[PDB]
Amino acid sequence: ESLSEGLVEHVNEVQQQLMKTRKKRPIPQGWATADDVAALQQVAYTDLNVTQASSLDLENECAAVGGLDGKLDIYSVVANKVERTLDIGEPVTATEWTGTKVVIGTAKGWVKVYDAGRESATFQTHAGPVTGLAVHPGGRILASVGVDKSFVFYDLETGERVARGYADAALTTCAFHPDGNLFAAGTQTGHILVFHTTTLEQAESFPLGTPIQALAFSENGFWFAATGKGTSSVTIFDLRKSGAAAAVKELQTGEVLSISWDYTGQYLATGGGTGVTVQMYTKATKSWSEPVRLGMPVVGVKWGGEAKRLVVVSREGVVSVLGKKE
């Protein structure tokens, strides 16, 4: 399916505005310093209601955690409280915030949006599991990908599916470019496919070689990070290059199930079965380092405000906040 002229214009206007915004101030005032990040340690933790946690998203210090047990928990970082449990009744395979609402994907091919505990929109759009979700930075378009090799776009303003594209392989994860006019989907066969958002046409493919487990763009607009199942590293790809030559950096991370690249593009957080890391890119010296390495096994990580907190969750449903102690 194809995008309406009005949605195309929206994507192109959002692209223009987000390009301007990040270039005016790449580093917001008050952001976490390198020493702040290096000093990160656990300052709080609590047991969620969910177990078999699969996915985490964070917005304004509010965490949403979906589980393969068919539950979705909402957790307040600042109140240190589980605020709500939603009984989905299907294993939750992906979780994302859309403004004040939470979107989930399920093992049964459903994408569902919730407004404070109530369904507000549902779509049965995939055959078998939804494997990933991505929220377009304009706040209107939602994307889902599935093992059924398709990716679907939705218009949250109208509550309708608006487009569907197909890949040559089962899809495992996805992400929008920070400016929104590119959409990336990882494949089970080990490639990252990049599509133009308005046309859903594939523009290029990047090789990794293992099923894509996590994917994140940098706010610098030309890098993205990807990691493959069974590997212990993260690869940085340069969108301005092609093929195997586009892999410009390999970072030794251990197993990475989840990546969070902060707004400034300086701090690439990872989490997996052997712990949490932060890989830091220092632009002034064009060099990478690892200020953070902790042992706690996790399945999701997300930067909090100003990258001064990192929120992480284990498969058993323990949410932990890493931050400045005292």
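Just count from 1 along the sequence shown to find any residue number.
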{"item": "Between the two ranges 80-88 and 212-220, the one averaging a larger CA B factor in the entry", "value": "80-88"}
{"item": "Average Cα temperature factor in the PDB entry - higher stretch of 284-292, 258-266", "value": "284-292"}
{"item": "Residue, from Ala53, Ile27, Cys62, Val298, that the PDB entry assigns the highest Cα B-factor", "value": "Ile27"}
{"item": "Among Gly228, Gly180, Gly243, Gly186 - the residue whose C-alpha B-factor is largest in the record", "value": "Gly243"}
{"item": "Chain third (lowest, middle, highest) by recorded CA B-factor, residue given as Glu160", "value": "highest"}
{"item": "Third assignment of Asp57 from its chain's C-alpha B-factors", "value": "lowest"}
{"item": "Lowest, middle or highest third - CA B-factor, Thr198", "value": "middle"}
{"item": "Third assignment of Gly305 from its chain's C-alpha B-factors", "value": "middle"}
{"item": "Third assignment of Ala134 from its chain's C-alpha B-factors", "value": "lowest"}
